[PDB]
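Chain residues, written in single-letter form:
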Amino acid sequence: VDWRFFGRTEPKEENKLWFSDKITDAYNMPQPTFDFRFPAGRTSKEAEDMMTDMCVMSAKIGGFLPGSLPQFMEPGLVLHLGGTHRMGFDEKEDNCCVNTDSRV
Amino acid sequence: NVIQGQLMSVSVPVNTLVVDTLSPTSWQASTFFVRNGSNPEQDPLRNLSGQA
Amino acid sequence: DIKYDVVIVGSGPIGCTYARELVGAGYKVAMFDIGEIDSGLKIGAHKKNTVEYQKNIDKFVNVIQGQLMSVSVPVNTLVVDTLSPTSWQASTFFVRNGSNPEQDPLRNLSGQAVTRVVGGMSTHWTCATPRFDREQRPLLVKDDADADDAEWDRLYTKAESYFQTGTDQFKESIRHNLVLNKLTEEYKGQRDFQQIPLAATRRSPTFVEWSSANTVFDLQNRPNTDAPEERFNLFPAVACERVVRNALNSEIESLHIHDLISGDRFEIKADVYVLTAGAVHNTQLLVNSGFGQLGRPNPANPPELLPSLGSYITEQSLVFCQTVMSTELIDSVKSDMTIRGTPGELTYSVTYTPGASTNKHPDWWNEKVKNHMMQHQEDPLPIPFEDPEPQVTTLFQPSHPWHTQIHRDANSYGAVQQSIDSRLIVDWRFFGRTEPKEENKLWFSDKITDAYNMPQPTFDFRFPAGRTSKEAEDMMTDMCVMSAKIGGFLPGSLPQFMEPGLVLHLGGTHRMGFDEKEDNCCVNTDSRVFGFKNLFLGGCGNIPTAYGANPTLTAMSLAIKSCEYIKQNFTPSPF
Amino acid sequence: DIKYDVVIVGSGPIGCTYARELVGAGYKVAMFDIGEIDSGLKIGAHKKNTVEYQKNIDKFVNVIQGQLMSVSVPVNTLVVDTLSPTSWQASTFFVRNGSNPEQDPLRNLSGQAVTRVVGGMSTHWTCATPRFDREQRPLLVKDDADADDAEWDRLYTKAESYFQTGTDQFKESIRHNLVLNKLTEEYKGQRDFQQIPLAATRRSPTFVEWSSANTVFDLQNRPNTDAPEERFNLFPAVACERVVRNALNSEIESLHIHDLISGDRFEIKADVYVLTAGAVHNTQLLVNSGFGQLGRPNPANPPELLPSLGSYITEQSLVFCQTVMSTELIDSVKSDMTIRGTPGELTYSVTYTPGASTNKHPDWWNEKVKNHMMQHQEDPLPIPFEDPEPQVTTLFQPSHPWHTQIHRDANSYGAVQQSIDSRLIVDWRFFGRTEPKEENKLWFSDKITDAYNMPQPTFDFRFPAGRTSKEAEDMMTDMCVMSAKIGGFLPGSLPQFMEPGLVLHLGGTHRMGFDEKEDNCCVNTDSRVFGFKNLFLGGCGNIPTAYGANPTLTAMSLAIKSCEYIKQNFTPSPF
Ligand SMILES: *Cc1cc2c(cc1C)nc1c(=O)[nH]c(=O)nc-1n2C[C@H](O)[C@H](O)[C@H](O)COP(=O)(O)OP(=O)(O)OC[C@H]1O[C@@H](n2cnc3c(N)ncnc32)[C@H](O)[C@@H]1O
Ligand SMILES: *Cc1cc2c(cc1C)nc1c(=O)[nH]c(=O)nc-1n2C[C@H](O)[C@H](O)[C@H](O)COP(=O)(O)OP(=O)(O)OC[C@H]1O[C@@H](n2cnc3c(N)ncnc32)[C@H](O)[C@@H]1O
């Protein structure tokens, strides 16, 4: 049995996706670059509590499979990235790019 | 395998693994230069390396 | 000579317990070890007591691996199908490379190993010497817990003296504190945390004299200048092969030995015979001497002599991981500091106020941190470089019936784990207790022989399925829950059960009880083999209970008691 | 005392060469080692000379690894990005875990390591002691090859005596034969194959006394019963830190030592000072004493004193693989047998005709094979279980300028390689010669310090690009071609270059020649430091040529010559 637990990440202004003005990708488009760390208070506390919860819960069903021991996966392997062009009601107040009709 | 085959990494930092068992005749790097489509902008320690 | 008062087989810490007590009481003692002197001029000492190991501690893992020889290796069934067509290629999984064809690979203690050197495993051990609580502890007196308690307290106190056990050697460690203080805060006062009791004496802020067999007894031949009235001879590179029983099985009449240098075989006569060859090798020697039953067990023919020998074996479940210290704990180190500027720059400053009461830490700590931070501005951690390692435990209790060690063992890191600063890394080892079950056995082949031409050991073992297994998995969970309080797992050192028997805490192979039949056992509470006037067994093989704490101190305590019996019942020869 | 005739720094086989010669000639000798006594009661002996290692030989790889401490480890730049979010995580690749920030990871000898124990590396070495042919050999006499030849033959013969070198210890090995005899057939008579010259004496069909420092000199303090007129003291756990130069750089005036047990520092006076701390540590001691240049090299400021010190360093390229013996070679073992029936069945028979001339093998061989095949019908190979290992070489020659070893080292097999019967496995190690080049350097940090608070060693090394590199790759090909004659590669042990400096054959760090300036060198042919009356260096650091054979016998031979000079030029103190 496979166990995947997915945590929630606080949005923080410092966590960014930006694009090089000189390096280009395979389609000759500006190269994407990340500047990301999981936030340090709630997000991180929850992430480690979530690991513990997986350990506690999974033990109810059986022991770990050798070779598939509890671990955090490579950041972003989950492919659930959000907030890169985020929605809110007010561009300035809610620090956002699209409104609730997804209109820029 | 089908999944892995269509996940192309977003941002791969410059590689800094030391390969020091090359044969003496083989061309050997003097620096960790930009190779194999890596992104020199990328801090390897502030990445989403798994993003694809 | 060919005649001694006492002969002791094995120069481990248990054999040395016998030598200490009996040599000191005036007996003419010989000790034989199959292994050789190889710890320096202190015979049987800890091999980690060199300046070079303590300056390069992770290299010691290699010394340990080098003297752990697997007990029973099943026939290998890995398929190598990328040989060149010209290379000779097997048609079957035949017996190769010293493997044991008797061994079921699925009912093994594959991790079990033995150490054949003067001082035994005490030349490499971790030196943890906790006492067992009543729940884990063999009864020495029945129907009187107070008398039982009093006897164990006396014996344990003596054994702690012999081993130089202490709980203070790591008290000025930042990391030790950081860990202990965090954990004790988190358990509602219901789990006490203390320093691991360690058989060791600190000589300096960077050197620890770890104890060993040599601490217990120096293994020098006597008479000597320092002990001119004592009589002791150690004979290394001598395989002890068989004790000779009389017809009544009331006495041992000689010990057959094989000198491995000369090749010659002798017989040695003693008044008293003590076997302290280890939990495996005691059993092997006895079975090669007609005790129990040689060959694959067969219920349709139970042994007449010592029927419980090699049955009811216990080995502990062991779980392990490492962690990387949390950001919050690392920031806590430097909580009392005012920090201005950026490291490496002209304006950077780190200060604290001596003797202040808003401060979380005492001055010794804050000075160490301040000085490290100001003198090593290239270094991003507040922990001094030479900070001693953590040595933390919450001992076995009824509500959490496992032993815990939260510490640092000498470790071999993969290159990527050498990526993480060692100051951040903490090792977690939790040790479970195993119910004794008749079906769990150590037996010896009647046809296959080991490297010393002795009957090949074979295990038939599974962890019991109810309590033992339930607890083992609860213990894994407990490690996961507890470790998360200190930091996340270190990649490459994720939570796992270790190979069965890698823990090397095997017990019960020649177990103790009050009554041979009623308690399914081989030795009595004086460690005397039932029926025999003059044969005694020492070691963890004696321990008949399910225990999770490290067993050696307990084995030593039983040996002290056995030595008292010998002192009460055998007269030494005149000097 | 604080005054001796001779002081020797290092108790390796080279320091012991000095002790043997000088103690025997009546000098009052002190020897210091930073490491401690740890081979048993034979001080500085080979650690593989226990019964237990020779019955469990692959475990010895661990003893070796345990006493190889890396010289220079670059800052680690592996990315660990699977830490838990709570764990403290680096923002940079900072200096961790004793790494050397001076070190370019791409111009290193990462495999280089040192051994700090009494007897040095000779407590673990493989004991191969070939002579160098003229092509590899330093000149001791110029313009007279006959006189040069005669001097080397004398010195090598003496050194072979000291080490107990022999070429006969493996002659009754089936595997040794199988290999050697096949290869010699295949090279048109143009490459001779012989046994590797080994510093060892066989004591039985299953025990070999490997030589070491202890063989050369027993390291016991003198006077003693056996040498009542000799004067020798060994002081372990003493770091030698600096020799003190006079103003003229014509004499050494004292040696600063640091007792690592007590912590105390002393100065020792001698008439003669010999440094035999190894190729790395000789250099370190000299640089910490004002020889050469401390810090990162700078051509705009060449050292006045010993400008070639730490330049022109050589280390050998090493290629390795293992093979699995061919089916044809295995069938050849049993070529003289008539075999009828199937193993394990009533009718099965294996016979040969004693003394017959159609037979490929002699009777000793055919009896061994027949008896193995008939007594072990469960076993599918014709090779006896205890057959000694192969020990084959074709020595360096102009047409193939590399040393070769075709043998068995103690090996740690992956579980899948433990799949293959050890009788089938042969190790191949080919060692190339490296041109000395000024740009190839060993230097010492002016700010970073090692574990003994001595200037941190740093390498700036690449294998030269023309001859050295061409030969190294030709040598790889030669191993591939030659090994295929015996069998295919063992999966997991495919042909490869080993980590630079893992071979531990470093030379030229304090090199010998006739003229300091003309020959870019530090010591003369008496191993005397130019300019200094009373300072001598011993070891492989002296060897100034490109060599592929194992260097120690050559270093020993130079030390014998140096000892002759001391005997000719210094009077021992009266006893
Ligand atoms: C290996 C090890 C052990 C260890 C440990 C960590 C490691 C890696 N950490 C421990 C700890 O922290 N606390 C503790 O209580 N135990 C720990 N251990 C295990 C401990 O070392 C052993 O429990 C203890 O050493 C056992 O003592 P004992 O004296 O009973 O046995 P021994 O040390 O194995 O010595 C036995 C000797 O007998 C010899 N021998 C064996 N067979 C023969 C024969 N046939 N004839 C003659 N002599 C024989 C051995 O050579 C040996 O030296
Ligand atoms: C490790 C090894 C080496 C080896 C080999 C295989 C292995 C795994 N196989 C070899 C072989 O088959 N043939 C051969 O010729 N060489 C092989 N070797 C290498 C060989 O062991 C060495 O070349 C030889 O041991 C070098 O001898 P030397 O006497 O010059 O040096 P050493 O053994 O390294 O001993 C040096 C000693 O000096 C001490 N020391 C170091 N620093 C100090 C300071 N500052 N103060 C005081 N003493 C110091 C060391 O502790 C040491 O013991």
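- For this deposited structure, the header cites X-ray crystallography as the method used and 1.60 Å as the resolution.

## Here's the deal with the arrangement of the chains
Here's step 1: Among the 5 pairs of chains in contact, the pair with the most contacts is chains C and D.
Here's step 2: Nothing in chain B touches chain C, and the closest approach of their C-alpha atoms is 10 Å.

## Focus: the site of ligand 1
All names here are of chain C.
Here's step 1: The full set close to ligand 1 counts 33 residues, and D33, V117, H124, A128 and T552 are the nearest of them.
Here's step 2: Taking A128, its main chain carries an N or O atom lying 2.8 Å from a nitrogen atom of ligand 1.
Here's step 3: Taking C240, its main chain carries an N or O atom lying 2.9 Å from a nitrogen atom of ligand 1.
Here's step 4: Relative to its unbound accessible surface of 1000 Å², ligand 1 loses 93% to contact with the protein.
Here's step 5: For the shell around ligand 1, the elements supplying multiple residues, two or more each, are α1 (13-24), β11 (238-245) and α7 (278-287).

## Focus on the interface of chain C and chain D
How large an interface is tends to be reported as the accessible area lost when its parts come together.
Here's step 1: Each side of the interface is counted separately: chain C has 59 residues, and chain D has 59 residues.
Here's step 2: Across the pair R116(C) and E52(D) runs a salt bridge whose closest N-O atoms are separated by 3.0 Å.
Here's step 3: Summed over the shared surface of chain C and chain D, the number is 36 residue pairs in polar contact.
Here's step 4: Elements represented by at least two residues in the side of chain C that touches chain D include exactly α2 (51-54), α3 (60-65), β14 (318-325), α8 (327-333) and β22 (487-489) of chain C.
Here's step 5: When residues in the side of chain C that touches chain D are grouped by element, the largest group, 3 residues, is from α2(C).
Here's step 6: In the side of chain C that touches chain D, the residues fall into 26 nonpolar, 22 polar and 11 charged.

## Focus on the pairing of strand β20 (residues 441-449) of chain D
Residue and element names in this part refer to chain D.
Here's step 1: Of the pairings in the sheet, the one linking β20 to strand β21 (residues 455-460) comprises 5 bridges and is antiparallel in character. Bridge assignment links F444 to a residue of β21, and that residue is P457.
Here's step 2: Between β20 and β21, which follow one another and run antiparallel, lie 5 residues, and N453 among them has a positive phi close to 60°.

## Focus on empty space enclosed by the protein
Here's step 1: The final tally for this structure, using the stated rule, is 3 cavities of 30 Å³ or more.
Here's step 2: The volume enclosed by the largest cavity comes to roughly 150 Å³.
Here's step 3: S419(C), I420(C), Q89(D), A90(D) and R96(D) are the residues nearest the centre of the largest cavity, which is lined by 16 residues in total.
Here's step 4: Roughly 90 Å³ of volume is contained in the second largest cavity.
Here's step 5: Lining the second largest cavity are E36(C), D38(C), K47(C), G66(C), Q67(C), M69(C), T115(C), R116(C), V117(C), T50(D), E52(D) and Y53(D).
Here's step 6: Among the residues forming the lining of the second largest cavity, the class breakdown is 3 nonpolar, 4 polar and 5 charged.

## A look at the sheet that holds strand β8 (residues 207-210) of chain D
All names here are of chain D.
Here's step 1: One open sheet holds the 3 strands; their spatial order is β5-β7-β8, and the pairing between them is antiparallel. Every interior strand has two partners, whereas the edge strands, β5 (165-166) and β8, have only one.
Here's step 2: In this structure, strand β7 (residues 198-204) lies alongside β8, joined through 4 bridges in antiparallel fashion. Each bridged residue has a counterpart across the sheet, and for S204 the counterpart in β8 is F207.

## Some points on the UniProt feature "binding site: FAD" (unreviewed entry) in chain C
Residue and element names in this part refer to chain C.
Here's step 1: Feature annotation in UniProt assigns "binding site: FAD" (unreviewed entry) to the following positions: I14, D33, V117, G120, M121, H124, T126, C127, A128, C240 and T552. These residues run over 539 residues, and the two farthest C-alpha atoms among them are 29.3 Å apart, placing them at more than one spot. As for the annotated residues named above, the ones lining the second largest cavity are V117.
Here's step 2: Residue position: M121 is located in the loop between β4 (113-114) and α4 (145-163).

Conventions adopted
- Residues numbered from 1 in each chain as written, not as in the entry; some residues may be left out.
- Chains lettered and ligands numbered in written order.
- Part of a larger assembly, values for the part shown.
- Heavy atoms only, no water.
- Contact = heavy atoms within 4.5 Å.
- Near = heavy atom within 4 Å.
- Polar contact = N/O pair within 3.5 Å; in protein donor to acceptor, adjacent residues only side chain to side chain.
- Areas by Shrake-Rupley, 256 points an atom, 1.4 Å probe, with all protein chains shown as cover.
- Helix = DSSP H or I, 4+ residues; strand = E, 2+ residues; numbered from the N terminus.
- Salt bridge = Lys/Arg side-chain N within 4 Å of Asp/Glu carboxyl O.
- Nonpolar A, V, L, I, M, F, W, Y, C, P; charged D, E, K, R; others polar.
- Pairing = 2+ DSSP bridges.
- 1 Å grid on protein atoms, 1.4 Å probe; cavity = no way out; pocket = protein on both sides within 12 Å on 5 of 7 lines; lining within 4 Å.
- Points joined across faces, edges and corners; volume = space filled by probe spheres on them.
- UniProt positions renumbered as here; feature names shortened; annotations may be inferred.

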